[PDB]
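Starting off, we have a lone chain in the form deposited in one PDB entry, written out as structure tokens.
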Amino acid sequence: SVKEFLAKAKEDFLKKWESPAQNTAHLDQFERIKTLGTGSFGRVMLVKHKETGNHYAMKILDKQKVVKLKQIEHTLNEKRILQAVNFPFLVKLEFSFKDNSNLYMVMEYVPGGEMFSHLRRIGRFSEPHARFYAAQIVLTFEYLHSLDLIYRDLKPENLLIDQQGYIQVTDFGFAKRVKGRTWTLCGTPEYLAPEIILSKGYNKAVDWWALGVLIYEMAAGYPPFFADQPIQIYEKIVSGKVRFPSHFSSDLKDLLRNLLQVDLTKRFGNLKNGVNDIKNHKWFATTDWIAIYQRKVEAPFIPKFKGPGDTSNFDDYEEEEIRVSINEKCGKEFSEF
């Protein structure tokens, strides 16, 4: 059963959570190929492991930039959580290490690109297509929340499509293990729950709100709350009002009204029946939850695969050389990395 699976999953998690993996590779063991993505602290690059021949995605964080942006604790959270988790829809962290200048997390390379890219290009996904991806997020959040983890950055930009057309959840930069409530203002403007915006303490229910934003965006092709500036987006989120496109089914509309719910005593995922309020909703009635987990369901979309290190499903980025200082920077702050 689910309870039996979750018990054994918590046991494997806590062993790695209590005794994390550290310094499991060297920079000189990889060949840098291309930048797959960027952020304020660095970039994600396609790398090749010299000894195995395998391709990986290596996230590089400049420690000085992490310190300047007050993200030391968030960065330690990311690496500690990632090395400890194991779920079919979470990207696997293969190695981690650090040097004088940077932090490195080497993960399995997902070549099918971001959901964001296919979503913007295509326009919108049909309801069975969006339901397929949403189901995977539901099982992923059920796994993470049972471990007391909050993801806090769900968006199409963070969801990668694998060779079998399944989702690989990426970027644990805002992920946190917290038993009670938390207060950090973080995430993406369009996906923030009203309680984050209103500087109230919040919990795991912000992830279920983010799920509502994701399902709406997948099915409509645009988020439920958009504007040109973040400030205008927050005004829209905190005021009730959500308009659904006329092509949305009654079941979709009903489930979204229960996910995009301001009232925490009424928001799905949070209540007494928990995740089963979502799993058992009528919009998910065709979903075989075990087959989705086992990856036995035929994906509505399989991306083009040219070669193991092909980057055609990703955008091009300005390349910048990796500079490793002769002097160790922020050693005390990133000691446990």
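Don't overthink the numbering: it's just position in the shown sequence, from 1. Think of the rigid core as the biggest set of C-alphas that the two forms share within 1.5 Å after superposition.
Asker: Quick one: higher average CA temperature factor, 78 to 86 or 243 to 251?
Answerer: If you average the C-alpha B-factors of 243 to 251 and of 78 to 86, the larger mean comes out for 243 to 251.
Asker: Per the entry, where is the mean C-alpha temperature factor higher: 215 to 223 or 160 to 168?
Answerer: Looking at the recorded C-alpha B-factors, 160 to 168 comes out higher on average.
Asker: Per the entry, which of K63, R295, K59, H55 tops the list for Cα B factor?
Answerer: Answer for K63, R295, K59, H55: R295, with the highest C-alpha B-factor.
Asker: Compared with the other modelled residues in the chain, in which third is the CA B-factor of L264?
Answerer: For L264, the deposited C-alpha B-factor lands in the highest third.
Asker: Relative to the other modelled residues in the chain, which third contains the C-alpha temperature factor of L192: lowest, middle or highest?
Answerer: Its C-alpha B-factor, which the entry lists for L192, ranks in the lowest third among residues of this chain.
Asker: Taking only the Cα B-factors deposited for this chain, tell me whether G173 sits in the lowest, middle or highest third.
Answerer: For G173, whose C-alpha B-factor we compare with every modelled residue in the chain, the answer is the lowest third.
Asker: Compare the C-alpha B factor of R120 with those of the other modelled residues in its chain, then answer lowest, middle or highest third.
Answerer: Lowest third.
Asker: Looking at the C-alpha B-factor of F334, is it in the lowest, middle or highest third of its chain?
Answerer: Middle third.
What comes next is about the form deposited in another entry, which does not appear here.
Asker: With the rigid core superposed, which of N86, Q164, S126, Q232 has its C-alpha shift by 2 Å or more between this form and the one not shown?
Answerer: Single hit from the list, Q232.
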